[PDB]
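Next comes run.cif, a file with mmCIF, C-alpha atoms (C1' of nucleotides).
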```cif
data_protein
loop_
_atom_site.label_atom_id
_atom_site.label_comp_id
_atom_site.auth_asym_id
_atom_site.auth_seq_id
_atom_site.Cartn_x
_atom_site.Cartn_y
_atom_site.Cartn_z
CA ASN S 574 25.03 50.71 64.35
CA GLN S 575 28.73 49.99 65.00
CA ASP S 576 29.90 51.66 68.29
CA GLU S 577 33.06 53.30 66.67
CA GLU S 578 31.71 53.54 63.04
CA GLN S 579 28.68 55.50 64.23
CA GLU S 580 30.35 58.87 63.31
CA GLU S 581 31.13 57.26 59.88
CA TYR S 582 27.51 56.10 59.83
CA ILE S 583 25.88 59.59 60.52
CA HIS S 584 28.46 61.18 58.23
CA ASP S 585 26.60 59.16 55.56
CA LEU S 586 23.03 59.44 57.18
CA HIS S 587 23.01 63.20 58.22
CA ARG S 588 24.55 64.43 54.89
CA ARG S 589 22.07 62.35 52.73
CA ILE S 590 18.79 62.31 54.75
CA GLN S 591 18.39 66.18 55.36
CA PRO S 592 17.36 67.38 51.80
CA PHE S 593 14.16 65.40 51.67
CA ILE S 594 13.43 66.18 55.25
CA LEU S 595 12.34 69.28 57.30
CA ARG S 596 12.97 69.48 61.14
CA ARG S 597 11.62 72.58 62.83
CA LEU S 598 10.49 73.12 66.55
CA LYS S 599 7.49 75.12 67.79
CA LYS S 600 9.59 78.21 68.77
CA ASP S 601 6.89 79.84 66.55
CA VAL S 602 3.30 81.20 67.06
CA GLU S 603 3.59 79.50 70.44
CA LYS S 604 4.65 82.74 72.02
CA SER S 605 0.95 83.87 72.18
CA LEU S 606 -0.56 80.49 72.83
CA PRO S 607 -0.95 79.61 76.57
CA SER S 608 1.41 76.92 78.05
CA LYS S 609 1.71 73.15 77.74
CA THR S 610 2.03 70.64 80.77
CA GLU S 611 1.58 66.93 81.71
CA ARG S 612 1.45 65.12 85.04
CA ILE S 613 1.93 61.34 85.69
CA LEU S 614 -0.20 59.41 88.18
CA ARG S 615 0.99 56.55 90.42
CA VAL S 616 -2.16 54.54 91.28
CA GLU S 617 -1.69 51.41 93.44
CA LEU S 618 -3.99 48.36 93.32
CA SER S 619 -7.41 47.75 94.95
CA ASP S 620 -9.44 44.92 96.61
CA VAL S 621 -11.18 43.10 93.79
CA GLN S 622 -8.14 44.27 91.67
CA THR S 623 -5.45 41.97 93.09
CA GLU S 624 -7.87 39.09 92.86
CA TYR S 625 -7.76 39.50 89.19
CA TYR S 626 -4.19 40.55 89.01
CA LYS S 627 -3.07 37.50 90.98
CA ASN S 628 -5.66 34.76 90.09
CA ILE S 629 -5.58 35.65 86.41
CA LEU S 630 -1.93 34.85 85.90
CA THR S 631 -3.13 31.17 86.65
CA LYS S 632 -6.32 29.12 85.97
CA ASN S 633 -7.50 28.79 89.51
CA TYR S 634 -10.53 31.10 89.86
CA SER S 635 -10.24 32.30 86.35
CA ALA S 636 -11.47 28.73 85.35
CA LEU S 637 -14.10 28.45 88.09
CA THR S 638 -15.97 31.52 86.83
CA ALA S 639 -16.04 31.91 83.01
CA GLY S 640 -13.73 28.77 82.65
CA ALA S 641 -14.94 28.05 79.01
CA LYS S 642 -13.71 31.50 77.77
CA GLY S 643 -10.43 31.28 79.92
CA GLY S 644 -8.85 29.32 77.14
CA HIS S 645 -8.83 31.94 74.34
CA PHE S 646 -8.19 35.01 76.47
CA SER S 647 -5.51 33.27 78.48
CA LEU S 648 -2.64 34.87 76.39
CA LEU S 649 -4.77 37.92 75.63
CA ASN S 650 -4.92 38.55 79.37
CA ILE S 651 -1.00 38.01 79.87
CA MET S 652 0.98 40.73 77.94
CA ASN S 653 -1.77 42.37 75.75
"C1'" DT Z 1 -109.19 -84.26 88.93
"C1'" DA Z 2 -108.65 -79.46 90.39
"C1'" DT Z 3 -107.09 -76.40 94.39
"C1'" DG Z 4 -104.71 -75.01 98.22
"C1'" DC Z 5 -100.86 -76.76 101.36
"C1'" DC Z 6 -95.53 -79.18 102.82
"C1'" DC Z 7 -90.33 -79.80 100.99
"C1'" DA Z 8 -86.31 -78.63 97.84
"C1'" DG Z 9 -83.92 -75.26 94.18
"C1'" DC Z 10 -81.09 -71.67 91.52
"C1'" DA Z 11 -80.81 -66.61 90.94
"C1'" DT Z 12 -82.14 -62.10 92.70
"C1'" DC Z 13 -79.88 -58.30 96.03
"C1'" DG Z 14 -76.61 -56.91 99.33
"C1'" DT Z 15 -72.25 -57.23 102.47
"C1'" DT Z 16 -67.09 -59.28 104.21
"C1'" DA Z 17 -62.79 -60.98 103.53
"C1'" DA Z 18 -58.61 -62.85 100.92
"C1'" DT Z 19 -55.85 -62.18 96.61
"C1'" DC Z 20 -53.41 -60.60 92.04
"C1'" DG Z 21 -52.15 -56.51 90.30
"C1'" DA Z 22 -51.50 -51.41 89.45
"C1'" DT Z 23 -49.78 -46.86 91.49
"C1'" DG Z 24 -46.91 -43.96 94.55
"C1'" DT Z 25 -42.56 -43.64 97.29
"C1'" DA Z 26 -38.09 -44.42 99.16
"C1'" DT Z 27 -33.06 -46.63 99.27
"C1'" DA Z 28 -28.65 -48.38 98.44
"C1'" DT Z 29 -26.24 -50.10 93.65
"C1'" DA Z 30 -24.62 -50.72 88.83
"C1'" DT Z 31 -24.13 -48.03 84.22
"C1'" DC Z 32 -23.36 -43.41 81.05
"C1'" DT Z 33 -20.93 -39.28 79.53
"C1'" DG Z 34 -18.28 -35.63 80.30
"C1'" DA Z 35 -15.08 -34.48 81.74
"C1'" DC Z 36 -10.70 -31.27 84.33
"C1'" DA Z 37 -6.20 -32.42 86.75
"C1'" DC Z 38 -1.74 -35.24 86.27
"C1'" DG Z 39 1.95 -37.61 84.11
"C1'" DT Z 40 3.45 -39.59 79.97
"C1'" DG Z 41 6.47 -38.07 75.82
"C1'" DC Z 42 8.63 -34.52 72.83
"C1'" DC Z 43 9.46 -29.22 70.17
"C1'" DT Z 44 11.26 -25.33 70.63
"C1'" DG Z 45 8.96 -21.22 70.53
"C1'" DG Z 46 9.97 -18.51 74.47
"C1'" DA Z 47 13.19 -17.24 78.34
"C1'" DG Z 48 17.69 -16.16 79.79
"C1'" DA Z 49 22.12 -13.90 79.18
"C1'" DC Z 50 25.51 -10.81 76.69
"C1'" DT Z 51 26.88 -7.60 73.07
"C1'" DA Z 52 26.92 -3.80 69.72
"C1'" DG Z 53 25.15 -0.29 67.62
"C1'" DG Z 54 22.24 3.20 66.16
"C1'" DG Z 55 17.77 5.33 67.46
"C1'" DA Z 56 15.95 8.36 70.29
"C1'" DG Z 57 16.55 11.54 74.44
"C1'" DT Z 58 17.92 16.05 75.44
"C1'" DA Z 59 19.82 20.18 75.22
"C1'" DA Z 60 20.89 24.79 72.64
"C1'" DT Z 61 19.95 27.89 68.87
"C1'" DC Z 62 16.97 29.90 65.13
"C1'" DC Z 63 13.47 32.07 62.58
"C1'" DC Z 64 9.37 31.21 60.53
"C1'" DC Z 65 4.51 31.12 61.22
"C1'" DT Z 66 0.73 31.93 63.71
"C1'" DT Z 67 -2.02 35.24 66.26
"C1'" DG Z 68 -3.33 40.22 67.10
"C1'" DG Z 69 -4.56 44.75 66.85
"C1'" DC Z 70 -6.62 47.96 64.06
"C1'" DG Z 71 -10.02 50.38 60.85
"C1'" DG Z 72 -13.16 51.10 55.40
"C1'" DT Z 73 -15.29 49.77 52.36
"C1'" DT Z 74 -18.80 47.10 50.89
"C1'" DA Z 75 -21.01 42.65 50.46
"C1'" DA Z 76 -23.45 39.95 53.32
"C1'" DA Z 77 -26.61 38.61 56.97
"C1'" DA Z 78 -31.01 39.96 58.85
"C1'" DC Z 79 -36.16 41.29 58.51
"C1'" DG Z 80 -39.93 41.70 57.42
"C1'" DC Z 81 -44.25 41.30 54.20
"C1'" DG Z 82 -47.04 38.81 51.25
"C1'" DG Z 83 -48.98 35.39 48.93
"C1'" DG Z 84 -48.59 31.32 46.36
"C1'" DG Z 85 -47.97 26.05 46.17
"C1'" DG Z 86 -46.49 22.36 48.34
"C1'" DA Z 87 -47.30 19.54 52.74
"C1'" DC Z 88 -50.44 16.84 54.92
"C1'" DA Z 89 -54.80 14.72 56.00
#
```
Once you've parsed the file, please lay out its structure as structure tokens.
Amino acid sequence: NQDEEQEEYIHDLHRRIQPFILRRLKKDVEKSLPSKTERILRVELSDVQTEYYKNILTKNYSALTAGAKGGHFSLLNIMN
DNA sequence: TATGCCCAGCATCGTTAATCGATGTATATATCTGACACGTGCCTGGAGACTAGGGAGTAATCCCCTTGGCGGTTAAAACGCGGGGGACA
């Protein structure tokens, strides 16, 4: 928490938490097992996509088509 | 003397014209009532003007409450089948 008490803080947290804790990496049985890997994907927007990336953040053509439902999903659509 | 013949005589029918009166239609006049606008008079309940103060506006922060997402059971909704008893004539 505190910037300069943090050492004081983990002096209390590291010494106490460990017992009832176990931290151990794979570095085991993974030597046989074939390798792990992950790739990201940058996909840019489409045609009908912007329409509903742009119009949805307002109630322009989101209210023209399915306007009755617009109301409940309006926040649903925003950040979730 | 009785019976056909001459000379009036009012009522029968119809038609013309003047007259009192009823009906229909204007036409300018004298009431009837029902006013709505104005001036008469007066009251003050509003308008007009100024003040003083505290409500309410707004802005800045907080933190609680409302919405959300998710997944497990476990009751509830859903369905149908069947036949009885209430609706309806």
Two-atom distance - atom CA of residue S:630, atom CA of residue S:650 (Å) | 8.1 Å
Record the distance separating atom CA of residue S:632 and atom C1' of residue Z:68, expressed in Å with one decimal.
-> 22.1 Å
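Set the cut-off at 12 Å, count only C-alpha atoms (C1' of nucleotides), and the residues of chain S near chain Z turn out to be residues 645, 646, 648, 649, 652 and 653 of chain S.
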Any chance you could export the current selection's C-alpha atoms as a PDB file, in the frame of the given file?
```
ATOM      1  CA  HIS S 645      -8.830  31.940  74.340  1.00  0.00           C
ATOM      2  CA  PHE S 646      -8.190  35.010  76.470  1.00  0.00           C
ATOM      3  CA  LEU S 648      -2.640  34.870  76.390  1.00  0.00           C
ATOM      4  CA  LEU S 649      -4.770  37.920  75.630  1.00  0.00           C
ATOM      5  CA  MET S 652       0.980  40.730  77.940  1.00  0.00           C
ATOM      6  CA  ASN S 653      -1.770  42.370  75.750  1.00  0.00           C
TER       7      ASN S 653
END
```
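What separates atom CA of residue S:614 from atom CA of residue S:627 is a distance of 22.3 Å.
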Which of these residues is nearest to residue S:628, using all atoms listed in the file: S:586, S:651, S:598, S:616?
-> S:651
Got a sec to write stretch 576-602 of chain S of the block to a file, N, CA, C and O atoms, as an mmCIF file, in the first residue's frame?
```cif
data_model
loop_
_atom_site.group_PDB
_atom_site.id
_atom_site.type_symbol
_atom_site.label_atom_id
_atom_site.label_comp_id
_atom_site.auth_asym_id
_atom_site.auth_seq_id
_atom_site.Cartn_x
_atom_site.Cartn_y
_atom_site.Cartn_z
ATOM 1 N N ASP S 576 3.809 3.642 -0.358
ATOM 2 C CA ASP S 576 4.960 3.720 -1.314
ATOM 3 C C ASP S 576 6.273 3.327 -0.587
ATOM 4 O O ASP S 576 6.984 2.402 -1.031
ATOM 5 N N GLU S 577 6.533 3.922 0.589
ATOM 6 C CA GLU S 577 7.807 3.717 1.372
ATOM 7 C C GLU S 577 7.631 2.704 2.529
ATOM 8 O O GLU S 577 8.644 2.271 3.123
ATOM 9 N N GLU S 578 6.385 2.335 2.873
ATOM 10 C CA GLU S 578 6.118 1.302 3.902
ATOM 11 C C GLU S 578 5.913 -0.067 3.260
ATOM 12 O O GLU S 578 5.605 -1.027 3.968
ATOM 13 N N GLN S 579 6.042 -0.149 1.933
ATOM 14 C CA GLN S 579 5.742 -1.353 1.213
ATOM 15 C C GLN S 579 6.655 -2.512 1.662
ATOM 16 O O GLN S 579 6.176 -3.669 1.826
ATOM 17 N N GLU S 580 7.957 -2.208 1.833
ATOM 18 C CA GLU S 580 8.964 -3.168 2.375
ATOM 19 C C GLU S 580 8.478 -3.668 3.749
ATOM 20 O O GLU S 580 8.538 -4.878 4.020
ATOM 21 N N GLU S 581 8.029 -2.714 4.600
ATOM 22 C CA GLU S 581 7.489 -2.958 5.942
ATOM 23 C C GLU S 581 6.254 -3.829 5.774
ATOM 24 O O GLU S 581 6.088 -4.785 6.502
ATOM 25 N N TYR S 582 5.455 -3.512 4.754
ATOM 26 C CA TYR S 582 4.225 -4.236 4.450
ATOM 27 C C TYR S 582 4.465 -5.711 4.031
ATOM 28 O O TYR S 582 3.719 -6.612 4.485
ATOM 29 N N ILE S 583 5.443 -5.973 3.150
ATOM 30 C CA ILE S 583 5.727 -7.374 2.657
ATOM 31 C C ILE S 583 6.658 -8.122 3.632
ATOM 32 O O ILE S 583 6.869 -9.316 3.509
ATOM 33 N N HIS S 584 7.257 -7.382 4.563
ATOM 34 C CA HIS S 584 7.970 -7.953 5.665
ATOM 35 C C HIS S 584 6.960 -8.684 6.541
ATOM 36 O O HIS S 584 7.198 -9.766 6.969
ATOM 37 N N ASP S 585 5.780 -8.068 6.675
ATOM 38 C CA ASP S 585 4.627 -8.656 7.395
ATOM 39 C C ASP S 585 3.887 -9.704 6.530
ATOM 40 O O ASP S 585 3.482 -10.744 7.072
ATOM 41 N N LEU S 586 3.666 -9.404 5.230
ATOM 42 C CA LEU S 586 2.834 -10.255 4.289
ATOM 43 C C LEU S 586 3.583 -11.519 3.806
ATOM 44 O O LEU S 586 2.977 -12.586 3.763
ATOM 45 N N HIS S 587 4.847 -11.377 3.340
ATOM 46 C CA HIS S 587 5.696 -12.528 2.900
ATOM 47 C C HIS S 587 5.983 -13.520 4.048
ATOM 48 O O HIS S 587 5.903 -14.790 3.811
ATOM 49 N N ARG S 588 6.319 -12.999 5.248
ATOM 50 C CA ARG S 588 6.722 -13.857 6.385
ATOM 51 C C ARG S 588 5.528 -14.691 6.880
ATOM 52 O O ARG S 588 5.706 -15.916 7.189
ATOM 53 N N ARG S 589 4.333 -14.064 6.916
ATOM 54 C CA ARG S 589 3.054 -14.679 7.385
ATOM 55 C C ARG S 589 2.310 -15.530 6.324
ATOM 56 O O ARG S 589 1.777 -16.596 6.665
ATOM 57 N N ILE S 590 2.187 -15.057 5.078
ATOM 58 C CA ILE S 590 1.339 -15.722 4.090
ATOM 59 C C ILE S 590 1.884 -17.112 3.672
ATOM 60 O O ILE S 590 1.077 -18.088 3.506
ATOM 61 N N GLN S 591 3.208 -17.218 3.470
ATOM 62 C CA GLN S 591 3.902 -18.457 2.901
ATOM 63 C C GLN S 591 3.393 -19.799 3.465
ATOM 64 O O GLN S 591 3.147 -20.713 2.666
ATOM 65 N N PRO S 592 3.365 -20.009 4.821
ATOM 66 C CA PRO S 592 3.116 -21.338 5.393
ATOM 67 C C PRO S 592 1.940 -22.093 4.755
ATOM 68 O O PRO S 592 2.062 -23.247 4.322
ATOM 69 N N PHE S 593 0.810 -21.406 4.782
ATOM 70 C CA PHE S 593 -0.442 -21.828 4.259
ATOM 71 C C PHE S 593 -0.487 -21.225 2.864
ATOM 72 O O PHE S 593 -1.152 -20.295 2.650
ATOM 73 N N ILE S 594 0.392 -21.715 2.020
ATOM 74 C CA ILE S 594 0.531 -21.356 0.690
ATOM 75 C C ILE S 594 1.554 -22.323 0.126
ATOM 76 O O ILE S 594 2.349 -22.836 0.899
ATOM 77 N N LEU S 595 1.506 -22.564 -1.197
ATOM 78 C CA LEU S 595 2.475 -23.360 -1.997
ATOM 79 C C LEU S 595 2.747 -22.620 -3.298
ATOM 80 O O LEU S 595 1.758 -22.402 -3.942
ATOM 81 N N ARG S 596 3.948 -22.162 -3.685
ATOM 82 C CA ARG S 596 4.035 -21.583 -5.095
ATOM 83 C C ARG S 596 5.112 -22.408 -5.757
ATOM 84 O O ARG S 596 6.209 -22.444 -5.232
ATOM 85 N N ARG S 597 4.747 -23.109 -6.836
ATOM 86 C CA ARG S 597 5.708 -23.878 -7.582
ATOM 87 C C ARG S 597 5.384 -23.886 -9.086
ATOM 88 O O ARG S 597 4.287 -24.201 -9.446
ATOM 89 N N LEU S 598 6.379 -23.541 -9.931
ATOM 90 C CA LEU S 598 6.286 -23.409 -11.438
ATOM 91 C C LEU S 598 6.170 -24.768 -12.157
ATOM 92 O O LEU S 598 6.347 -25.804 -11.510
ATOM 93 N N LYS S 599 5.936 -24.795 -13.490
ATOM 94 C CA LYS S 599 5.968 -26.054 -14.170
ATOM 95 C C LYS S 599 7.327 -26.729 -14.054
ATOM 96 O O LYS S 599 7.304 -27.790 -13.602
ATOM 97 N N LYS S 600 8.406 -26.071 -14.493
ATOM 98 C CA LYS S 600 9.774 -26.653 -14.429
ATOM 99 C C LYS S 600 9.690 -28.093 -13.913
ATOM 100 O O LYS S 600 10.549 -28.479 -13.095
ATOM 101 N N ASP S 601 8.692 -28.852 -14.379
ATOM 102 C CA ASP S 601 8.514 -30.263 -13.942
ATOM 103 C C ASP S 601 7.586 -30.998 -14.916
ATOM 104 O O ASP S 601 6.546 -30.425 -15.294
ATOM 105 N N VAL S 602 7.969 -32.222 -15.300
ATOM 106 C CA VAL S 602 7.167 -33.084 -16.220
ATOM 107 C C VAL S 602 6.889 -32.344 -17.536
ATOM 108 O O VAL S 602 6.300 -32.968 -18.440
#
```
